[PDB]
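We've got the same protein chain twice here, in two forms, each standing alone as C-alpha cells: structure 1 and structure 2.
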Structure 1
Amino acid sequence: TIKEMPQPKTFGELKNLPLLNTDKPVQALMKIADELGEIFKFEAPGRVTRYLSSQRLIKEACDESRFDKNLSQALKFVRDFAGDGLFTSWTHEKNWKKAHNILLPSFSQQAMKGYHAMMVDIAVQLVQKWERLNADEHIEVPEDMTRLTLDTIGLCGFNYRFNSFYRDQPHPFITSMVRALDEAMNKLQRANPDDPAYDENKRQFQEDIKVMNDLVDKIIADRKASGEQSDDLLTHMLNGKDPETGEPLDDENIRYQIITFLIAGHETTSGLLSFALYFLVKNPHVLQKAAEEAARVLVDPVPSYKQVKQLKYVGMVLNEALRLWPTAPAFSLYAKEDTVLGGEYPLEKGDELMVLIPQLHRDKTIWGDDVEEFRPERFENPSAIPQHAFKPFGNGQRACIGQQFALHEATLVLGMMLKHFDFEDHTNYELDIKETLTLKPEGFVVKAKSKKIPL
C-alpha cells in the first residue's frame, strides 16, 4: 500500500531550505523526526532528500544491491581538499576500490598490535598532562581529547608529531584544516555564494588548501627520498599494490588519504571520548563499574595490546556513547534502481536517502522505553541486536575504515584515564552540543584527582 511521505513546514518558494539555517541542524532534524516519524521528505529549490530514522527502513537502505553511498553536499564541499580519498570518493571511482584494497589490511584488528606502542606514547602524554595540573585547575575535555586523537593519527599514520600537548595555538596545518572544514560546512547554508561579498572566504579557502597540500606533499616527498621503512600508513601506501589492478596509489591520492585520515582522527574521534567522559561523570555507578574494570585489568605501568582487548565494559561504555551521540551523525545513499522502500515508499533510480544515525539509535522498537538512559549493559548480548540497528560507523563496504583504530585508541586512553584519576563534574555541566563537521559537548570541563599510581 503506497503511502504519502510526511514533510516538515515550508517557506513558500524556499520549501524546507530555511529549516537548516541553524547552528544545530542535526538536532533540528532529530526534533522533526520526533514529530513526523521514521521518514520525511525535505525539499529545497532544485533538490529532494528523504531522512530515515527507523531500523525498519534503514535495514533496507543498508542493502548494497539496492543503495550505494551518495556524496552529500557536505562531502562534495570537503572533496575540494580531501579529493578522491576514501571518504569523499564515489564507489565507482577507480581510486576508491584501489585505496580500499590497499589500506584495509593496515586497519584490521590484527594491524592494531603494530600501532599500540605509538598510541601508548600519546596516551601517556595525556595522563602526564593531567598528573601535572595544580590543585585549583580543571580540564577542557574536548580540547585535550582532540590533542590526543590528532597526535595519535599523525604518529601512527605518518610518523609526524603535531606535538599538540606542547601548544596552546593549533599547529599551522590544523589551523588551515579547521578553517577549510568550517568554510565547507558554512557553504551549506550560504545563499548567493558567488556574491563578491564572499571573495575573501574564497581566497582564504585556496590559501588553506595550499597549506595542507604543501605540508602533506613534503612529508610524502621526504619519505620517498629517505627510503625509511617506518611501518606506518605512509610506508604501507608507498609500497602497497592493489591485488585487483596491480597498481599502487599515486602521490596525489596518497596526499588525499593523509588529509582524510587527519580530518577523521581530529574532532570526529575526540568527540567519542568527550561524550563518553560526559556520560560517565553524569552516571557515577557506571563510572565506578568502568573504573573497577580498569583497575582489575591494567595491572602494568603501560597497558599491553591484550589488556586493552580485556577492557570489555569500557568497550560497552564507548558503544553506548556512540549510540546516543554518534560523532559522524548522518550518511547519504542513492537508489541504484527503481525500488520500493518498506513496501510503502516508491523510489526512482538516483533518489537520495539520508540516515539520521542518532534518531535510528533512539528507535524504541529496538532498544526499549529507556532509550535516553546511558546503560552500557544494553551491549552485553550483541547477537540479540537486529540487523542494521546500530550504525555509528556507516554501512557495508563504505563503512568507516578507521573503526578498529578509533575504538582501540579510545579504549586505551579511557582505560588509562579511569585507572589514574577520579573525576568531578565540578560545574554541573549542562550539555551543549556544537555542530561542525562533527558533534562535541562544547565547554565540557571536569576536575581530575590523581589516584597517584605511577606510569
Structure 2
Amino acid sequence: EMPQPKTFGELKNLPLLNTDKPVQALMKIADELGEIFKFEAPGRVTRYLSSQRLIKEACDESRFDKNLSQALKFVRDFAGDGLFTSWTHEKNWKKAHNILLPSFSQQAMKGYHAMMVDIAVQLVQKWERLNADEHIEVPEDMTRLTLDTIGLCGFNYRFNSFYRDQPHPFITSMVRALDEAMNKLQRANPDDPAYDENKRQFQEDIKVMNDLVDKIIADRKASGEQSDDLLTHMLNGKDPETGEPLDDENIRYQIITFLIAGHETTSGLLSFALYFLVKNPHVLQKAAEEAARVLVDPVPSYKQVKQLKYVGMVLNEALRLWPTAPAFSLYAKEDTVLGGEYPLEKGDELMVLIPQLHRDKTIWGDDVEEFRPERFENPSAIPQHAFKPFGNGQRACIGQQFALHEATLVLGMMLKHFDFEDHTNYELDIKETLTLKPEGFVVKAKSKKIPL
C-alpha cells in the first residue's frame, strides 16, 4: 500500500543515502512518490512524510513524541542528554527545558540585544573595509557572525571569528563531526575496521569541542564580572518541577548543544536569505527600503528590529524554501492509524521532510518554488503544522526568537549599509552537514557610506 523508493536487494533502501546530499535526494523521492514513503535499511524502517495532511497528525503530541533519528543518535555521541538529543522521558530533558526557557524570555532577549549589535557591527565594519572589487564569502562570514553571537550572548565568550581568515577551530571540528554523522547514515556495518580512521577523527573533533567547553566553564569560574546569560541559568537555575539544578555532566552537554544548535542553522538562514534577495532584486529593494525607513539610528534598537516586518517575511520565506534543520523524527506513542489509511504500531517511526511540507501546493498554491515574502503578510493565515522550520510542540526550537532577532538585526543592517551584486551569477549548491547551507555563495557589497 505505502510507496517505497528503489531497493538494492538485501541492502533495501540504504544505498540511497550514499550521497553527499541525502536530504535533497529524499526531496526528489518525495516528488516522485508523494506524501508518504517507506524507507527500509537492514534492521530498520521509517516513513517519510511530506504533506500537511499527514504532518498535522504527526504533530499531535498525544499520538507522537520526538524520536532520535539515526542522525541525532550519532550527534548524541557528543551532545549526550543535552536538549536537542535527549528523549522527552529522560529526567534531564524537562529539567533543562524548564531551567533554560527563562534564558529566552522577553527580558532575556532585550538583554542580548547589545551583544548581538557588537558582533553585527564587526560584520558591517569588515565589509566596509574591503577594497575595490573584493568579494564576500557569504556562508563563511554568516558563520563568523552567528558563532560569535551565541558565544558572547550565551557564554560571555569571544570566539573572535572576524579576527580569522580561516574557519574557527571549533567550526572545523564541528563541521567534520556533522559530516561524519551524515556519512555514517549510509554505513551497513559501522564496526567494519575500514571505519577505524573515521572513528579516530570523530573522537579528535569531539575532544576539540570539549576543550573549548572546558575553557568557557573555566573563564566563567574565574570571572569577577556578574553575568546573567544562558550559562548563568545552566550553573544556577533550579527546575520549578523537581526543584533540582542541572549537574556538571549535563551542563557540558548543554554548552556543546547551544554552541552548535545556537549558530549553524542561523548561518544557513542568513546565507539563504541573502541568496534569495540577490536573485530577486525587487524583493531586495523592498527590504532595503524598510531597513532605511526603520533603522534611523547608528545602531538598531530592540524595538526597531521588532518593526522590521518585511525583513521578517524575507527570513520566513527563506525558511519555507530551505529550512536549515530540514527534518525531525517522531515515534508512535500507541498503535494509531495515520491519515485513515496507514496503520502504525506503538514505536513506529516517522521522518518529517520539512522542505517538502513547505512545498505542499494544497497549502501554498502552485507557485511553491517562487521566493515571495508576501506569503507571510499575515503569518496567522498559515494553517497549523504547515510551516515547521522550528519543529513541533514542547520539543520545538527553544532558540527560535533568538535566531530570528539576530537574523532580522543583521539582515536589516546589511540592507541599510550596502548594495549587493551577484557578480558570479551564482548557481545554488546546497552543502549538507545534516543541516543545509549554500556552498561557494559569494557577492560584492558596495557601501552606501552610512556611518555607524
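Rigid core here is just the name for the largest C-alpha set that superposes within 1.5 Å across the two forms. The first residue in the sequence of structure 1 is number 1, and each one after it adds one.
With the rigid core aligned between the two structures, only one of 350, 346, 172, 368 has a CA shift of 2 Å or more: 172. The chain behaves as two rigid parts between the two structures; the smaller one is rotated by 8° relative to the larger (C-alpha superposition). Overlaying the rigid core between the two structures leaves the Cα of residue 55 displaced by 0.1 angstrom. Relative to the superposed rigid core, residue 222 shifts its CA by 4.2 Å between the two structures. Core superposition places the Cα of residue 252 1.5 Å apart between the two structures.
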